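In the order they appear, the protein sequences are chains C, C', C'', A and B. A prime marks a further copy of an entry chain.
Mapping of the first sequence onto PDB author numbering: residues 1 to 237, in sequence order.
Mapping of the second sequence onto PDB author numbering: residues 1 to 237, in sequence order.
Mapping of the third sequence onto PDB author numbering: residues 1 to 237, in sequence order.
Mapping of the fourth sequence onto PDB author numbering: residues 19 to 269, in sequence order.
Mapping of the fifth sequence onto PDB author numbering: residues 1 to 250, in sequence order.
Just so it is clear, CB atoms sit at the ideal spot from N, CA and C, and this is done for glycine as well.
A short worksheet on the structure shown next.
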Amino acid sequence: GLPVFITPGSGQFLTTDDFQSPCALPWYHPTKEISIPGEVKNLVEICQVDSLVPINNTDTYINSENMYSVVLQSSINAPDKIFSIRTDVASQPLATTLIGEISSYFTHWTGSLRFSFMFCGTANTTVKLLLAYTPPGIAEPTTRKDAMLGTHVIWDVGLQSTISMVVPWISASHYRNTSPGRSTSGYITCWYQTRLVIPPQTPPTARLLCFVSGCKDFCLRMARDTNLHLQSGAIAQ
Amino acid sequence: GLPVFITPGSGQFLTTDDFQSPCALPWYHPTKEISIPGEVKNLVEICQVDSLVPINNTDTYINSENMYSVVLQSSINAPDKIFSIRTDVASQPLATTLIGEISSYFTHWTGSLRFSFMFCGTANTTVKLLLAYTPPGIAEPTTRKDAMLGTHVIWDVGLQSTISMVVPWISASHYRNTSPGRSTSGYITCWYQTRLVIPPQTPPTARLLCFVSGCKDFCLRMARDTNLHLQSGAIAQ
Amino acid sequence: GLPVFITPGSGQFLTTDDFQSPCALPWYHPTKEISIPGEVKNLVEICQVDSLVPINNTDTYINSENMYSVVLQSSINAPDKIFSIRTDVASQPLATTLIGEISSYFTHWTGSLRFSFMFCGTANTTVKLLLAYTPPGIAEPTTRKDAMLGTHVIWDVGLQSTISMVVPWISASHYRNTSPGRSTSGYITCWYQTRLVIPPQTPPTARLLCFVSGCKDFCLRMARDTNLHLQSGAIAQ
Amino acid sequence: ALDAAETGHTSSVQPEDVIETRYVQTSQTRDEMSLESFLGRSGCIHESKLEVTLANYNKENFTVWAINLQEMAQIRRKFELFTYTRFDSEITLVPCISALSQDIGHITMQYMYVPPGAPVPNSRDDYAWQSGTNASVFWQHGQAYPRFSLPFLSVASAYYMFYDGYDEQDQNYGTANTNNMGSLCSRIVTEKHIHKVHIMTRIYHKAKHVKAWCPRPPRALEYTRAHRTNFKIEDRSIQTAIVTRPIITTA
Amino acid sequence: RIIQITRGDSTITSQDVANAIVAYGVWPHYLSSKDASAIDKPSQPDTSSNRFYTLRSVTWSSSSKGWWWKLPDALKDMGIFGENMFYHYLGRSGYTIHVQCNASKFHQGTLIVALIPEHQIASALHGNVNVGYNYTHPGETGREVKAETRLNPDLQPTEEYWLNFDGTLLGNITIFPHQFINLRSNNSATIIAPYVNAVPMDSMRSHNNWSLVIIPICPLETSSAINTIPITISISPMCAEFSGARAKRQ
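Written as structure tokens, this is what we have:
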């Protein structure tokens, strides 16, 4: 036979290998691909989907819809903070979003994130609000003016339902690690730019729902078996 | 399958082998090479760098800058020897130079060496000095006239700072072994060609610093895990 | 991978194999071949060299030059035999010649052999001599006339120093075995064709030296680790 | 022949200046001196020693090692020669079984590259031995040496050989910040069996398709602390590669 | 052997100097669209910060042992440069550096100046220790080298200058772009460098992407009563850029 000689890396199985292989079932033929709707080629189209943050991750809301929602108080003359979050894609709560899980299935990420926000309160009601981002190396802001020094948007709550805005990609490195240990990507932070004003005898309350998705900018590397989910023992049947 | 038959040298690992190998991480893609400054292709560009000899390798200077330096005595009417060294690239002290270490990482060497010398004394001061080389098979010289029979340079200490000169390659063989055991390459030797003259009430002293590098002529073979450095036990972390 | 299947003769080492093999020392480069004199391509050029037979292989001469030489007796009015030898290339003494050793390193031989002879006696002296060969299947001759029936030369000892002559290749087979066991190739035999005549008060003596080499006709096969030399135990160092 | 070394530029360059030379075909290749040579020879990197524990075979019989080039001196000193370097990696495994018992039988062994934020195996029975996308690879008694090609990994252009600061809240100064490659892992795949054995893997690598960035001076003294350039060892003194002599006028 | 220098608004000369080698020959430049990571159009203060600034006077003696700085931290207080650095998560800049060191015709001694990369300093103490931020980031105040009693020693860097503070031999330090102040050769010395990193731009306050070292290779002396001379260093940043604007960093 041809004189051949064998390199190391022979005779192993690697779960992430790439090769031809022989057939168990020669002469077989598969069923034809009918034109089923809902084609897909990549994970990024899933990233493009807006999904809700369970923003309001606490005991009093977790076992319910309400952890996707925040409640606003039209009673308050103040500039102050409504909420804040990290921005690291596999941090809590963001990891629990589908982009979060897809990022949690991965080790590297890059590109800017889309964020979106609906004024879910009574149609008769008005406000304008500050949604802001904090470039890190610094504490999460404690005045509205701090957030005004960050990159931010002021929401003209017009007839249109939703404000949508982007955390710009400002990683030193072209990628960042998907889960921080002792590390940070920056903060989302939210504030009363005006007070919220309902008209008289409206419910003394309002709701806000918050969305995120990958921008056209977004991408991942180092697919890894995700942090997000655990199996204990045998899966019964 | 094709009739094949297997030669010896199969199934070993050689730390110095050469082959293709299969990927652990298929479909991955590396980060782009940005145009970082400080490109390199070969070790010879490092050889081209002048580095100081720790010429003055003794107890009284070793734990300090001063082993890179020699002190001259303007008080002396004499022709006599200032210093001398071997020329074998991996001999002490030369081995400790970066060309020394690179040679110490290697078994064969060839080509002529550049040597350079600054009159580090007071700007007002004058001398001319003999830098000389001894072709071996012979003892290291004991008169200045001996060195004058060797290949040598007399330093016109003009406005210009430095004299630079070459030990010619005069190996019988096109290469020489990088470290001698019971063997020799020749000597550097240094002498008062004139007395050193300071003008009155100058410091009664002067300094000289000495440099070496590979010439355009220089090259190495048989890269080997260097003599120069030792690991004892485990490297802790 | 390609469907392959393995023939016997795999996985052995044969000291006389032929193959490519992988490098222990990739990227290395050898020293250039300078034009050293004394080129060689084959063993036959060594065969072409005349070397002396230690013709006179006995106790009284062995530990000396004299076993290369024979002594002639100008005192004798006789036709009779001066010496005789086998012709089998690896027989004693011929094996000890360099063609002998080269043949002893081999199992088959072919082609005619050159033989040569100098009248080493006093320049003033004259003779003519019979050098003869015996085609075998027969005893070594016991009269000069017997040798005269064999193929032979009568030496006109003119001004010129040497007679040179050939045992013709008369093997039944195109080759013969290099060493005979219970076998024979024929004889060299030497005789006084005239008496040897010195002029008066010359030394009562003469010398003859004898040479052999491969002719242009000569060749070998089945290189084998030679009979001629033995190692006992370990070779010390 | 005269210059100002103080310029920073290398000194008077030319050998023909001070020797009346004959023409010579100086014709010796620098190719062994290439980076794809000098980096591009393999060497050992780390030592995966394990004992097969019996009493909880299912728990203990695995190891994990933080990937670095910083704890075998020769390889370390190749890379401790630059600011940064980039390469693809031949990786080669030299698994060895040592018997503490009359036989070893058949044995099979797992390895996994654990990139950071993969769930680290806690147990020789951990579900983390499943590896749908992690590079995991197998060896067993009588099998040839495993190898794989690992491409250049970094989030940056090149690996930091050194770094001059911190992860942003200011600890782990230097490479312990930048060089989070995660870890290699190993684990016995054969189930519980009677043979007390040690498994040792020597792991090797060669950098090829190499590039390197701004050379820096070689390490002068014994290593000490992997990521950290520390060298002043405890109850010890700084005995460098330089050796002293009695007088500077004697060679 | 004369030069004049002009950056952003400010100018420098020596009339006894040999020109800088440009580090690796790469004259400083802005990032490229081909290589960049950051998405914004970044902050170009140009003339208002690619201009000179200079450090407090050090001074030296025959007894002196060495000095160094880490950049950009050594310039954190340089007005526009300093705040533009502190207000961004990232930036990049090269540097032009000149060291000012005149003596009389009647002095001897020499310093080596080395520009140096990440220069990852070793601890003073043995064992499980590493350098603390206060010392890696000395600011413009820098690190002179001294014989004694630096507190928090476990977090101090080593003082071992001839081991380059990292366990590498001095004298091979000429591997980097470097010059000598030699009092005969010159009265000043100069070096210029582009930006560099494994990354197209970097977290300025978190990582000293360049460093600068000056060492008394040969002892200062004169017979004159002026037994000591100051040294000072001036730097201009080059092509300086900043990205990810937010609050001032603490």
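Since residue i is in the alpha helix (DSSP H), which residue starts that stretch and which ends it?
{"i": "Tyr87/B", "result": "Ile80 to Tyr87"}
{"i": "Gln231/C", "result": "Where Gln231/C is concerned, there is no enclosing alpha helix (DSSP H), given that its DSSP letter is neither H nor E."}
{"i": "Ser104/C''", "result": "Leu98 to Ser104"}
{"i": "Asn195/A", "result": "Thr193 to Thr196"}
{"i": "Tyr135/B", "result": "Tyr133 to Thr136"}
Excluding five sequence neighbours on each side, which residues of the same chain lie with their C-beta closer than 6 Å to the C-beta of residue i?
{"i": "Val4/C", "result": "none"}
{"i": "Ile192/B", "result": "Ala20, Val22 and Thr96"}
{"i": "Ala74/B", "result": "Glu140"}
{"i": "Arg205/B", "result": "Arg249"}
{"i": "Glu101/C", "result": "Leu228"}
How would you list, in chain order, the residues of chain B whose beta-carbon sits under 7 Å from the beta-carbon of residue i?
{"i": "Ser112/C", "result": "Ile39"}
{"i": "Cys120/C'", "result": "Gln108, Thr110, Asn182 and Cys218"}
Hey, could you find the ends of the beta strand (DSSP E) residue i is sitting in?
{"i": "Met118/C'", "result": "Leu113 to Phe119"}
{"i": "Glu241/B", "result": "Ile229 to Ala245"}
{"i": "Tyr222/A", "result": "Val215 to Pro233"}
{"i": "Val71/C'", "result": "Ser69 to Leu72"}
{"i": "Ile215/B", "result": "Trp210 to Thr222"}
Which chain C residues are close to residue i, counting only those with a beta carbon under 7 Å from its beta carbon?
{"i": "residue 238/C'", "result": "Examination of residue 238/C' is not possible in this model, given that chain C' is present from 1 through 237 alone."}
Quick one, are the C-beta atoms of residue i and residue j less than 8 Å apart?
{"i": "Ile112/B", "j": "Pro157/B", "result": "no"}
{"i": "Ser116/C''", "j": "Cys215/C''", "result": "no"}
{"i": "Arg104/A", "j": "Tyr177/A", "result": "yes"}
{"i": "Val44/C''", "j": "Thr178/C''", "result": "no"}
{"i": "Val53/C'", "j": "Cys210/C'", "result": "yes"}
{"i": "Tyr68/C", "j": "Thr226/C", "result": "no"}
{"i": "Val157/C", "j": "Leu98/C", "result": "no"}
{"i": "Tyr175/C'", "j": "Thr87/C'", "result": "no"}
{"i": "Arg234/A", "j": "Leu99/A", "result": "yes"}
{"i": "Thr126/C'", "j": "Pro203/C'", "result": "no"}
{"i": "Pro237/B", "j": "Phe81/B", "result": "yes"}
{"i": "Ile260/A", "j": "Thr58/C'", "result": "no"}
{"i": "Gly1/C", "j": "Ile6/C''", "result": "yes"}
{"i": "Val70/C", "j": "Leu196/C", "result": "no"}
Can you name the residues of chain A whose CB is closer than 8 Å to the CB of residue i?
{"i": "residue 294/B", "result": "Residue 294/B lies beyond the stretch modelled for chain B, which goes from 1 to 250, so this question has no answer here."}
{"i": "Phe19/C", "result": "Within chain A, no residue comes near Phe19/C; the closest Cβ sits about 13 Å away, beyond 8 Å."}
In chain order, what residues of the same chain lie with their CB nearer than 8 Å to the CB of residue i, ignoring the 5 residues before and after it?
{"i": "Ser37/B", "result": "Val199, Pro200 and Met201"}
{"i": "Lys146/B", "result": "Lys65 and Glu159"}
Just to make sure I have the definition right: I need the residues of chain C'' whose C-beta is within less than 9 Å of the C-beta of residue i. Which are they?
{"i": "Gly1/C", "result": "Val4, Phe5, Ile6, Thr7 and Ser10"}
Please list, in chain order, the chain C'' residues whose beta carbon lies closer than 8 Å to that of residue i.
{"i": "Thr47/A", "result": "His29"}
{"i": "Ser55/A", "result": "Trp27"}
How would you list, in chain order, the residues of chain A whose beta-carbon sits under 7 Å from the beta-carbon of residue i?
{"i": "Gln231/C", "result": "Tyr145"}
What does residue i touch in chain C if you count any residue whose Cβ is under 8 Å from its own?
{"i": "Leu25/C'", "result": "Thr16"}
Got a sec? Which residues, its chain only, sit under 7 Å from residue i by beta carbon, not counting five neighbours each side?
{"i": "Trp147/A", "result": "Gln128, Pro139 and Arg205"}
{"i": "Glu140/C''", "result": "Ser84, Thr134, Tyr187 and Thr189"}
So which residues on chain F does residue i lean against when the C-beta distance must stay under 8 Å?
{"i": "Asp35/B", "result": "Among the protein chains of the structure shown, namely C, C', C'', A and B, there is no chain F."}
Please list the partners that residue i has in chain C, where partner means a Cβ-to-Cβ separation under 9 Å.
{"i": "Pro22/C''", "result": "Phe5"}
So which residues on chain C' does residue i lean against when the C-beta distance must stay under 8 Å?
{"i": "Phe13/C''", "result": "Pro8"}
Give me the chain C' residues within the contact set of residue i, using Cβ-Cβ distance strictly less than 7 Å, ordered along the chain.
{"i": "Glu89/A", "result": "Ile235 and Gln237"}
Can you name the residues of chain B whose CB is closer than 8 Å to the CB of residue i?
{"i": "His216/A", "result": "Within chain B, no residue comes near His216/A; the closest Cβ sits about 28 Å away, beyond 8 Å."}
Practice task
Would you check if the stretch 169–178 of chain B and the stretch 53–73 of chain C' touch, i.e. whether three or more CB-CB distances between them fall below 8 Å?
Solution key: yes
Practice task
Inspect the CB distances between the stretch 48–57 of chain B and the stretch 214–227 of chain B and report whether three or more fall short of 8 Å.
Solution key: no
Problem - Inter-stretch contact at 8 Å, needing at least 3 Cβ pairs: the stretch 9–17 of chain C / the stretch 154–165 of chain A - result: yes
Problem - Three CB pairs or more closer than 8 Å across the stretch 25–38 of chain C' and the stretch 31–38 of chain C'' - result: no
Exercise for the section: Would you be able to state if there are at least three C-beta pairs under 8 Å between the stretch 223–233 of chain A and the stretch 195–210 of chain A? Expected result: no
Practice task
Kindly confirm or deny that the stretch 69–84 of chain C and the stretch 148–164 of chain C touch, where touching means at least three C-beta pairs closer than 8 Å.
Solution key: no
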